[PDB]
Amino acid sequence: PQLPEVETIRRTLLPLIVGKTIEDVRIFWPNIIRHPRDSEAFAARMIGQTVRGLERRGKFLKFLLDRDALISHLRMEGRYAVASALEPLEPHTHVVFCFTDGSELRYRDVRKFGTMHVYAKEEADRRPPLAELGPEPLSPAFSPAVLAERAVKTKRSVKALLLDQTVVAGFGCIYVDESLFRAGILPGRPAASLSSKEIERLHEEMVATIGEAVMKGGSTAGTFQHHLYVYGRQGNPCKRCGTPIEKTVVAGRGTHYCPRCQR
C-alpha cells in the first residue's frame, strides 16, 4: 500500500475504532513487533488505553491512544479489519487488539512483512521509522525547491529518487511510474540531469496523481486502476500516442513507461 491506499484505510478505519478501550493484545507473529522489541511489553503497555485517533504519515498508520502512539507499516500485504470476538479468525491474522466491547481490531499480513512500533506520543515523530521521513506530498512543505535540492545532489535515477521516503513520503512503484509518465520524463534519467522546468512539471504531476488517487480510494475498493497510463500495461498501446508501453528494470525494480511520451 502507498499513500492513497493507506489514507483510505485511515478514513474508513477511524470511525470503527475511535473511543474503544483495549482490553487485550494478542500476538501470533512477534517479528512484526519492532518496538518494544519484547512483544510482551508491547502487549502490556497498551492494555487499558483508548483509541483517540488515527493519522497517516507517509505510508504509515499512526494510532493515537492515551499516552502512546502505535506506528503501523503494512508493507506489501498488511490489512486491518474490525470484527466480533465471537467469530473465528481469518487466516494469516498475526496481531489482534481486543476491545472491551467485544469487538477486535485484526491485523492480517500473508507475507509477514509489516511492522509495529509503540512509543510515547511525544517520542513517535523523533524516533524510527517516522523521524527520517520527507515532507507530505500534499503539503506546502513539498515544493519544487525541495525536490530540486535533493535531485542536484545525486547521480541516481529519478525513479530511485522518488521512491526514497526521506525525499518525500508516500510514493511507490505504481504512482512513481504514473507521475513520471504524466510529466513526460523517462524513469531512468539521472536525477541531476533534470532541468528546472522538468522539476516543476514533475512536482505538479506528483501532487496531482497522488491527489486523484486519494479521491478515488486508491488502486486495487479503489478505482484509480482505470486511470493508469503505464503501470502494468506493458505491451499495450499508450493511451495518448498508441506506442506500446515498455517494461524494463530501473534501480532493480520493474519499471513501466512510454518511450515516446517520456523523454
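From 1 onward, residues are counted along the sequence shown.
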item	value
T220 to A221: deposited residues without atomic coordinates	10 or more
Residue stretch of maximal mean CA temperature factor, 199 to 207 vs 64 to 72	199 to 207
Higher-scoring stretch by recorded Cα B factor average, 232 to 240 or 44 to 52	232 to 240
Residue selected from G114, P88, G184, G172 by maximal Cα B factor	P88
Candidate residues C98, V176, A83, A192, the one whose C-alpha B factor the record puts highest	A192
B-factor third for the C-alpha atom of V168 within its chain	middle
Chain third (lowest, middle, highest) by recorded CA B-factor, residue given as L161	middle
Lowest, middle or highest third - CA B-factor, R253	highest
Chain-relative CA temperature factor third for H226	highest
Cα B factor band for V214 (lowest, middle or highest third within the chain)	middle
